Amino acid sequence: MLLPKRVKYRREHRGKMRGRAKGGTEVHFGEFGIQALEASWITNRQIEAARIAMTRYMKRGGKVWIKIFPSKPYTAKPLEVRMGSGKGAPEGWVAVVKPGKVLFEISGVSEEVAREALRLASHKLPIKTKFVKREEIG
Amino acid sequence: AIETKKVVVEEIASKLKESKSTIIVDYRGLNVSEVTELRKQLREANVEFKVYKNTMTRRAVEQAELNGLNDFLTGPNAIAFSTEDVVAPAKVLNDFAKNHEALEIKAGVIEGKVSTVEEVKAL
Amino acid sequence: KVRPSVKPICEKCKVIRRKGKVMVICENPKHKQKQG
RNA sequence: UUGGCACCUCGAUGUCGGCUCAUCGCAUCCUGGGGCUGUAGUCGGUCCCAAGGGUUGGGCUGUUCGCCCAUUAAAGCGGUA
RNA sequence: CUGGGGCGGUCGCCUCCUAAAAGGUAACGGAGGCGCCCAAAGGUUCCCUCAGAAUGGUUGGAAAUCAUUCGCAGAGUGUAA
RNA sequence: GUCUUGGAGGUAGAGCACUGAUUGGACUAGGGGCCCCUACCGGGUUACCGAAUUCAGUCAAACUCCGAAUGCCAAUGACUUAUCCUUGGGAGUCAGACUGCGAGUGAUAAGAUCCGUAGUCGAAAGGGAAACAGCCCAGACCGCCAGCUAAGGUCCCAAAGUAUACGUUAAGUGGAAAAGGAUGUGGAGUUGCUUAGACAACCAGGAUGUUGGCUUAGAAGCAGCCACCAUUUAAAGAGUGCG
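Residue numbers (this note's numbering), protein chains in the order written: chain W, 1 to 138; chain D, 1001 to 1123; chain X, 2001 to 2036.
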C-alpha cells in the first residue's frame, strides 16, 4: 500500500507499454527476487497483496524489498455516464511494469523458503513469472 | 569412492593379529541383542571384537582375501566381521553358544570360519 | 472432490493420470480429487 | 439486469404485466444413480453424472419481483422481439 | 456547440502538452492565463552581476541588515507557460 | 523520382545533466520518547521519526546533458520520366466508412468517437477469404472451345500431387478462450547417486539416559519454551508420521 506524495499532475496519459524495461532487470540489493514476464499495469493493492502475504511465510525473515513503485493514476469517469465531457476521477494508483523487470528482492533467506514465500505473491500479481537469483562476475 | 578406500585400510590391522572369527547373523538385529553381543564384549575390553555390518562381498571381503580363506562360501549369506587383537580364545569363541540357539536371532545353520582349518563346530 | 488445480496434499498421495484426467489417489479419502 | 455506442427501422419494427399455447438451454427444485462427509440410524451440507417427466391454489398491489396463508416429492432459474 | 435534446459548461486572444524529430494537425482532452500596466518598467551612454548555503555578529529572531569564501545560474527577466 | 551532399527540428529509444517522483543503506542539524534535574541552564537512553549530504538503484505528455530510423526544405552532377505554372470559361464535394501503422477519449471496451499516415471501398468488375462495400491478389474497349502466372490450393464436392524427403501431435488438436494444474510427449542441456554396487521391492531394527532444563491433573514422541544433546552403535530425528 503505497502512493506518490504530491504529483506534478492529477490526470495523466496511459502510455504504451512495450519492450524491455529501461533498467533493473537484475536483482542486486538482496538475494532472491521475482522477475515478471509480461507487460502489465500493477495496481496499488497488489503490492499490498504482496508485502503482506510474503511476511506470512517469512515469519522470521529478512527485509523484503520492492523495486516497483506506483506513480500512474489510472482514471475512471464515474460509472453509467456517457462518453466525453472531461477526463474522469483519478481512481487510485497504478505502477509501471515492463516485462523483464525484477519485481521484488528478498534477502536473509535460503533457497527453500524463497521458493514458496516468493511463489505465493505471484498468485496475487496478475503476471506470469519466473524465479531469479543473483550471479557474480564481478 | 575414496571413502571406500579407508574402510579397506584400517580393518587389516585386526586381521594380521588375528587367530579366530565367527559368522554373525544380520536379520532381526534387535537393540538389546546388539547389547548381548557388545556389552558382554564390553565386560571384556573395547570394540576390538567387532559387529560391523559393512560386509558386502564386494565391499569388505576384498579386504579379507589374504587371511584365512575359509569364508567365501557364505558369500551369498549374512556376513559380519569379528576380528581379534587381544585375549586369546578360551571364553570368547563360545559367546554365541548360548543366546542364539533359541533367542537373539536363530542359531543359524552357520558353517563357520577359521578355527584351525575346518568349517563346523566353533568350539 | 473436483477442481482444476489437482495436487497432492500429504506425501501419501499418488498422482495417476487416468483417462486423460489428472487424478490424485491417496490413502485418506478426503484427498480424492480429479480435474473433470 | 442498469448501462456505453448509435450500426436495421421515425412514408410507423406496438411498448409493462396477466390469459392461452409452448418449445429449448441446462449453470438442477425434485425424482434415478454415486464420491466425500464436521455421514452412529433419521434428516442434511457439498461436489459429481442425468433433461425423460413433473414442475400449485390463494391474499395484496397494474404489477414482474416481493411478503404472507396452507399444501407439496418439489413449488428451479433463463432464452425464444 | 452537444456523443438525441434540455440543464450544466464553452464561444474570442496568448503559451504549453497531446503532435507522429519541418510546419500545421481534432474532440465537452490535459494545464494556465488575456481585455492591462510603465512617463518610465521606453531610447541611449557607462558601470556591475544572481539565488541559496556556511562562518560570526545589535535589540538579530528559522529567516530583514552587515562583512569572507562558495556559488554556469538552482536568481531575475511587469503580469503565465 | 532515384543516388550523392548540405541542412532545420528534440520525437521513439534511452539517462537523471536539471524540474519532479522514488527504493534501500551510511550519515546524522533538528525533533519526540524516557529519566536525571527544568525552581533553569542542560545532560544521557534510543534498534523512535528524521532535514541536508553521500553510496548504489527506479520512473515521467506537460524532465532532457544525448539523440536515431524515416519525413520536409534545396543545391548540381547526372539516369529515367511526362508532368507543372499562370490565365480565363465551366461545374461537383465541404456528413465518409473499413484495415494496418502511430495517438487521444474510453475500461490501453466496442463494426465507438476524434487526428496523422498508407491502402481499398466510395466511383471497381474478376478470382480468393463458403457466402461478405473496406482484408489477399488484380484492374474489366471488344471477341477466342489460345498459352503462362499472382493470392489461394492439388482425397470427393471442385480444377490441379492419395507428390517426394525428414520429423511432431492422438486431441478431432487442427476445427474458439486465460490465471493455474499435471511421471502427457519430442528434442537440447546441467547435476546427484551409482559392480568400490545404485533405485525400487523384501527379511531387519530402532536407541540408553530421557522430557532431556521449565510446564498444563499428568503428555515420558506432537501440552509448548527451548541448551534440544553426550553413550551402545551398522544404526536411530532428546523422535519420520499416524494416533
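C-beta atoms are modelled at their ideal positions from N, C-alpha and C, and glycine is treated no differently.
Under the DSSP definition of a beta bridge, residue 53 of chain W lacks any partner.
With contacts defined by Cβ atoms closer than 7 Å, residue 114 of chain W and residue 106 of chain W form a contacting pair. Nearest C-alpha to residue 1047 of chain D among D:1098, D:1035, D:1097, D:1090: D:1035.
Beta-bridge partners assigned by DSSP to residue 89 of chain W: W:76. Taking C-beta atoms as the reference points, residue 46 of chain W and residue 102 of chain W fail to come closer than 7 Å.
When C-alpha distances from residue 77 of chain W are compared across W:70, W:66, W:89, the shortest belongs to W:89. Residues 2032, 2033 of the same chain have their beta carbon placed closer than 7 Å to that of residue 2001 of chain X, with the five preceding and five following residues left out of the count. In this structure, residue 98 of chain W keeps its C-beta atom at 7 Å or more from the C-beta atom of residue 50 of chain W. Counting the other Cβ atoms within 10 Å of the Cβ of residue 1113 of chain D gives 16 or more, which makes it buried. With a cut-off of 8 Å on Cβ pairs, the region 26–45 of chain W is in contact with the region 115–130 of chain W, counting three or more such pairs. Here residue 1105 of chain D is near residue 1025 of chain D, since their CB atoms are less than 7 Å apart.
Residue 84 of chain W and residue 18 of chain W have their C-alpha atoms spaced approximately 27 Å apart. Between residue 2012 of chain X and residue 2026 of chain X, the C-beta gap is smaller than 7 Å, which places the two residues in contact. The Cβ-Cβ distance between residue 57 of chain W and residue 117 of chain W falls below 7 Å. Membership of residue 43 of chain W in the beta strand (DSSP E) is indicated by the continuous run 40–43. The straight-line gap separating the alpha-carbon atoms of residue 1037 of chain D and residue 1070 of chain D is approximately 23 Å. Residue state for residue 1086 of chain D is assigned as coil, using DSSP reduced to three classes.
Residue 1065 of chain D and residue 1015 of chain D have their C-alpha atoms spaced approximately 11 Å apart. CA-to-CA, the gap between residue 2019 of chain X and residue 2035 of chain X works out to about 11 Å.
The beta carbon of residue 87 of chain W is closer than 8 Å to those of 11, 75, 77 in its chain, skipping five residues each way along the sequence. The alpha-carbon separation between residue 1108 of chain D and residue 1100 of chain D amounts to approximately 8 Å. The C-alpha of residue 122 of chain W is placed about 14 Å away from the C-alpha of residue 55 of chain W. Taken atom to atom, the span from the alpha-carbon of residue 91 of chain W to that of residue 120 of chain W is near 27 Å.
Of the candidates D:1017, D:1007, D:1021, D:1010, the residue whose Cα lies closest to the Cα of residue 1096 of chain D is D:1021. The residues 1023, 1073, 1074, 1119, 1120, in chain order, have a CB closer than 8 Å to that of residue 1111 of chain D in the same chain once the five nearest residues on each side in sequence are set aside.
Per DSSP, residue 94 of chain W is one residue of the beta strand (DSSP E) stretching across 94–97. A distance below 7 Å separates the beta carbons of residue 109 of chain W and residue 61 of chain W. Distance from the CA atom of residue 53 of chain W to the CA atom of residue 124 of chain W, rounded to whole angstroms, is 9 Å. Between residue 1123 of chain D and residue 1009 of chain D, the alpha-carbon positions lie close to 30 Å from each other.
Counted as a single uninterrupted DSSP element, the alpha helix (DSSP H) harbouring residue 1034 of chain D occupies residues 1031–1042. Rounded to the nearest angstrom, the gap between the Cα atoms of residue 1032 of chain D and residue 1007 of chain D is 26 Å.
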